[PDB]
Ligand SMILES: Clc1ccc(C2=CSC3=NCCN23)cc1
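As structure tokens, one chain now follows by itself in the form solved without this ligand.
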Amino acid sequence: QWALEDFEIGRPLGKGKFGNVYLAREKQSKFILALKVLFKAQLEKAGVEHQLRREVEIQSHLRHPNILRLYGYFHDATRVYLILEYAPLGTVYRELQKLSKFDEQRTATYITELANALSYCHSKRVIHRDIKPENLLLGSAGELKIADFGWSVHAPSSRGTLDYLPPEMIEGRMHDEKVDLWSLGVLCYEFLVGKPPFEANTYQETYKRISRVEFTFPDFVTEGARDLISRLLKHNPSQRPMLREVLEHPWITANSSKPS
């Protein structure tokens, strides 16, 4: 159906490991969108065909305002093209670099939107497994949108930076929905502080800090945020709260600008 000739390509939006993402306009409708370009040789050498199929399959059937739409795909002799919803306000990653850290209200609002999207996913027993700032995008009204479903699967299951991964996943053990709850805790901390809680200089040390759950709070982190973050970052996945508990947490309801 679709081919390259149906699109006018514009400025580069961002780069990933495989993805090279461009602004584009569909010629006949003038529909503005983002084109994620992937190199077949690279996908082949890495052997990640199965991940790309999951990305296309999962994300094209999901329908939630806080989840980035994927409309379709095509391919030519050297490349694959994913047709995505364009997110005009950029990444949460960029916004964090701009401001250093977020206040409590901005943080709590992002966490609610995230918890809302993750709740929809887990209801279908879909787990994302790669929640982090560069994969969280912003809409025209500044609303958060989860993207990059390359690592997602159907729980239960086995299998760059370790910073967002829970102990059971890094230790090669088995995992479920609770992995996304650990990542949610890591994100809440990084939003308020400016860096992720287990960050270190080497892969080897980061691994040690994650598996031992070694993190501390700066003085300016309030009691409420401390309580929520400490509940999310439990070694034992079953001890981690449910998304409903997160959305009803006193610190969240006191500071968030959006509902569940």
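Residue indices: 1-based, along the sequence shown.
From this point on, the text means the form deposited with this ligand bound, which you will not see here.
Asker: So, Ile83 and this ligand: in the deposited bound form, are they within 4.5 Å at any heavy atom pair?
Answerer: So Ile83 counts as contacting this ligand.
Asker: Does the 4.5 Å heavy atom contact test between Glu199 and this ligand in the deposited bound form come out positive?
Answerer: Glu199: no, not in contact with this ligand in the deposited bound form.
Asker: With the cut-off set at 4.5 Å between non-hydrogen atoms, does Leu33 touch this ligand in the deposited bound form?
Answerer: Close contact exists here: in the deposited bound form, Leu33 approaches this ligand to within 4.5 Å, heavy atoms only.
Asker: Would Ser29 show up as a contact with this ligand in the deposited bound form if we use heavy atoms at 4.5 Å?
Answerer: Residue-level check for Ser29: yes, a contact with this ligand.
Asker: If you check in the deposited bound form, do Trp2, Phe7 and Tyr71 all have a non-hydrogen atom within 4.5 Å of this ligand?
Answerer: Looking in the deposited bound form, the three residues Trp2, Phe7 and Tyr71 all sit within 4.5 Å of this ligand (heavy atoms).
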